[PDB]
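Colleague: One structure, as structure tokens, below. Some questions next.
Just so it is clear, none of the values below were taken in a lab; they were calculated from the coordinates. Cβ atoms come from the backbone with ideal geometry, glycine included; neighbour counts cover every protein chain shown.
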Ligand SMILES: CC(=O)SCCNC(=O)CCNC(=O)[C@H](O)C(C)(C)COP(=O)(O)OP(=O)(O)OC[C@H]1O[C@@H](n2cnc3c(N)ncnc32)[C@H](O)[C@@H]1OP(=O)(O)O
Ligand SMILES: CC(=O)SCCNC(=O)CCNC(=O)[C@H](O)C(C)(C)COP(=O)(O)OP(=O)(O)OC[C@H]1O[C@@H](n2cnc3c(N)ncnc32)[C@H](O)[C@@H]1OP(=O)(O)O
Ligand SMILES: [K+]
Ligand SMILES: [K+]
């Protein structure tokens with residue numbers, strides 16, 4: 001069965017092309033309730049398109065006290081990975097989680113998250129967090145299934161790259 | 001009169017103790033309108049207390065392509081400074097702006113912001129941004145007077161440091 005383990009220098013050249021692309025078919029619409037500052041959302045369909053999530057240099061995460069990469073291995077091949085760092089607020093921060101396109105929805109991502117939680121706890125980190133865009137509904141639903149909640153959002157940060165679009169950053173948190 | 005110029009190595013030992021403390025006397029209460037995703041706020045008084053804004057190592061900002069420190073000089077003394085970097089979204093990012101307590105409300109901060117805008121433009125940066133806490137109403141009003149608008153907020157990021165309090169991060173933006 002599937003194995004999740006820490007990335008090693010010797011894995012760097014055996015690292016295959018992993019398809020991190022996904023289909024954007026909808027977007028989250030955010031709202032702020034007056035009850036417990038709860039950020040809520042509704043889903044709105046948008047004309048579909050494909051995009052790649054992704055600079056990430058794997059070697060920068062090998063042999064480091066506060067950052068690490070875990071890889072998912074199935075039938076002698078790396079089929080997914082998770083990139084983690086310790087953030088300024090003490091939480092573990094997911095820089096990137098990717099499962100090869102052909103193997104998604106089969107529980108690999110949840111197993112990567114479970115390992116990330118172990119790493120966070122081993123380092124005395126009180127939770128895990130990450131940022132995603134409101135047009136990555138697949139990822140949003142995945143984090144929600146994993147126990148994460150929306151703690152914040154930002155309507156202007158993406159304008160610095162492109163002023164035409166209306167991409168929104170969403171910040172997700174899982175507290176232990 | 002006042003002089004604003006780039007920090008030099010030779011200024012490092014002539015750098016005096018600058019009082020960056022401020023009095024917290026209120027906090028911003030955020031809301032999200034349905035019109036143009038406008039984030040609004042109201043001010044609520046809170047029992048007052050003093051806190052220091054501030055690791056920042058000035059030497060890390062000397063002789064760098066994408067980061068810099070400008071100092072404010074008055075009567076042979078450094079009375080304020082602004083710390084800037086280029087962010088991932090291309091905006092100039094204010095890591096810290098401080099005017100010595102005794103000289104506040106006399107226009108020094110606005111002059112530091114003006115210089116930061118020049119630096120941003122010289123580097124082809126499309127705007128300037130920063131993060132502050134909802135309990136720093138003085139800073140919030142100052143940014144608002146300087147033309148900044150609220151682009152986002154986060155209710156959980158501060159929980160990683162302290163779970164008892166309810167500090168909220170506010171992200172401000174000035175687009176050119
Ligand atoms: C910080 C960041 O990295 S943000 C970017 C995240 N990465 C990407 O978007 C790259 C492309 N996407 C992917 O690689 C994958 O879709 C991942 C990593 C997000 C998820 O990995 P997967 O292995 O597919 O997730 P997994 O099968 O473990 O799903 C776990 C749960 O989430 C749910 N889920 C997963 N994908 C979806 C989806 N597209 N829509 C709805 N629910 C979903 C599953 O149904 C499952 O729920 P359950 O526990 O109730 O059965
Ligand atoms: C990213 C970060 O650094 S967030 C932390 C910001 N830094 C701090 O909080 C450190 C402590 N505070 C300070 O150092 C100063 O208060 C600063 C840097 C925020 C502002 O510097 P100052 O030199 O006092 O500001 P300056 O006098 O230029 O004020 C410019 C405008 O803002 C307004 N303003 C300044 N302080 C306040 C205040 N406390 N309340 C209301 N309005 C204010 C001024 O009235 C002025 O408005 P005008 O142009 O309409 O006359
Ligand atoms: K995303
Ligand atoms: K602040």
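Colleague: Kindly establish whether residue A:159 is more than 16 Å from ligand 2 (Cβ to nearest atom) and surrounded by fewer than 16 Cβ atoms within 10 Å (Cβ to Cβ). Let's see the steps before the verdict.
Modeller: Working: more than 16 Å from ligand 2 (Cβ to nearest atom): yes; surrounded by fewer than 16 Cβ atoms within 10 Å (Cβ to Cβ): no.
Judged against the criteria, residue A:159 is not a match.
Colleague: Tell me yes or no: at least one residue of region B:108-115 is in contact with a helix residue (DSSP H, G or I) (Cβ under 7 Å, 6 or more places away or on another chain) and within 16 Å of ligand 3 (Cβ to nearest atom). First the steps, then the outcome.
Modeller: At the first step, the residues of region B:108-115 found to be in contact with a helix residue (DSSP H, G or I) (Cβ under 7 Å, 6 or more places away or on another chain) are B:109.
Those left that are additionally within 16 Å of ligand 3 (Cβ to nearest atom): none.
No.
Colleague: Among (1) within 14 Å of chain B (Cβ to nearest Cβ); (2) farther than 29 Å from residue B:164 by Cβ, where does residue A:142 come up short?
Modeller: That leaves (1) as the condition not met.
Colleague: Please verify whether residue A:122 is away from ligand 2 (no atom under 16 Å from the Cβ), over 22 Å from residue A:22 (Cβ atoms) and over 16 Å from the mean Cα position of the chain (by Cα), treating the condition exactly as stated. Step through it out loud before you land on a result.
Modeller: Values: away from ligand 2 (no atom under 16 Å from the Cβ): yes; over 22 Å from residue A:22 (Cβ atoms): yes; over 16 Å from the mean Cα position of the chain (by Cα): yes.
So residue A:122 passes the test.
Colleague: Right, here's the next one. Taking residue B:49 and the conditions (1) away from every other protein chain (no Cβ under 12 Å); (2) surrounded by fewer than 13 Cβ atoms within 10 Å (Cβ to Cβ); (3) closer than 30 Å to residue B:121 by Cα, which numbered condition does it fall short on, given that it satisfies the others?
Modeller: Only one criterion is unmet by residue B:49, namely (3).
Colleague: Within region A:20-51, how many residues turn out to be over 24 Å from residue A:67 (Cβ atoms) and not in a strand (DSSP E or B)? Give the steps one after another, and end with the answer.
Modeller: Looking only at region A:20-51, we keep the residues that are over 24 Å from residue A:67 (Cβ atoms), and these are A:21-51.
If we keep only those that are not in a strand (DSSP E or B) as well, we get A:33-38.
Selection size over region A:20-51: 6.
Colleague: Condition first: within 16 Å of ligand 3 (Cβ to nearest atom) and part of a strand (DSSP E or B). Can you find one or more residues in region B:135-151 that meet it? Give the steps one after another, and end with the answer.
Modeller: Step one: list which residues in region B:135-151 are within 16 Å of ligand 3 (Cβ to nearest atom), which gives none.
No, there is no match, as no residue in region B:135-151 is within 16 Å of ligand 3 (Cβ to nearest atom) and part of a strand (DSSP E or B).
Colleague: Go through (1) within 12 Å of the chain's Cα centre (by Cα); (2) within 16 Å of ligand 2 (Cβ to nearest atom) for residue A:110 and report which single condition fails.
Modeller: (2)
Colleague: Same structure, new question: Taking region A:138-154 as the search range and keeping residues that are surrounded by 22 or more Cβ atoms within 10 Å (Cβ to Cβ) and under 12 Å from the mean Cα position of the chain (by Cα), which one is farthest from residue A:93 (Cα to Cα)?
Modeller: A:140
Colleague: If you don't mind, there's one more thing I want to ask. In contact with a helix residue (DSSP H, G or I) (Cβ under 7 Å, 6 or more places away or on another chain) and away from every other protein chain (no Cβ under 14 Å): which single residue out of B:18, B:4 fits that description? Spell out how you get there, then give the answer.
Modeller: Numbers: B:18 fails: in contact with a helix residue (DSSP H, G or I) (Cβ under 7 Å, 6 or more places away or on another chain).
Just a single option satisfies the conditions, and that option is B:4.
Colleague: Please verify whether residue B:85 is surrounded by 11 or more Cβ atoms within 10 Å (Cβ to Cβ) and on the phi < 0 side of the Ramachandran plot, treating the condition exactly as stated. Give the derivation first.
Modeller: Numbers: surrounded by 11 or more Cβ atoms within 10 Å (Cβ to Cβ): yes; on the phi < 0 side of the Ramachandran plot: yes.
Taking the combined requirement at face value, the residue satisfies it.
Colleague: Within region A:68-81, identify whether any single residue is within 13 Å of another protein chain (Cβ to nearest Cβ) and surrounded by 15 or more Cβ atoms within 10 Å (Cβ to Cβ), and answer yes or no.
Modeller: Taking region A:68-81 as the starting set, the residues that turn out to be within 13 Å of another protein chain (Cβ to nearest Cβ) are none.
Looking through region A:68-81, none of the residues is within 13 Å of another protein chain (Cβ to nearest Cβ) and surrounded by 15 or more Cβ atoms within 10 Å (Cβ to Cβ).
Colleague: If you don't mind, there's one more thing I want to ask. Please go through region B:145-169 and give me each residue that is within 18 Å of residue B:113 (Cα to Cα) and either out of contact with any strand residue (DSSP E or B) (no Cβ under 9 Å at 6 or more places or on another chain) or within 11 Å of chain A (Cβ to nearest Cβ) (or both), ordered by number.
Modeller: Pass one, region B:145-169, residues within 18 Å of residue B:113 (Cα to Cα): B:145-150.
Listed by number, the residues that qualify are B:145, B:148, B:149, B:150.
Colleague: Scan region B:1-24 for residues that are more than 18 Å from the chain's Cα centre (by Cα) and either farther than 22 Å from residue B:62 by Cα or crowded, with 16+ Cβ neighbours inside 10 Å (or both) and report the count. I'd like the intermediate steps shown before the answer.
Modeller: Of the residues in region B:1-24, the ones more than 18 Å from the chain's Cα centre (by Cα) are B:1-3, B:8-17.
Filter again for either farther than 22 Å from residue B:62 by Cα or crowded, with 16+ Cβ neighbours inside 10 Å (or both), leaving B:1, B:11.
Matching residues across region B:1-24 total 2.
Colleague: If residue A:130 meets every condition in (1) more than 12 Å from ligand 1 (Cβ to nearest atom); (2) touching a strand residue (DSSP E or B) at 6+ places or on another chain (Cβ under 6 Å); (3) within 14 Å of chain B (Cβ to nearest Cβ) apart from one, which number is that one?
Modeller: Here residue A:130 meets the rest and fails (1).
Colleague: Being touching a helix residue (DSSP H, G or I) at 6+ places or on another chain (Cβ under 7 Å) and more than 24 Å from residue B:93 (Cα to Cα) narrows it down to one residue among B:26, B:72; which is it? I'd like the intermediate steps shown before the answer.
Modeller: Details: B:72 fails: more than 24 Å from residue B:93 (Cα to Cα).
Step by step, each of B:26, B:72 is checked, and only B:26 is touching a helix residue (DSSP H, G or I) at 6+ places or on another chain (Cβ under 7 Å) and more than 24 Å from residue B:93 (Cα to Cα).
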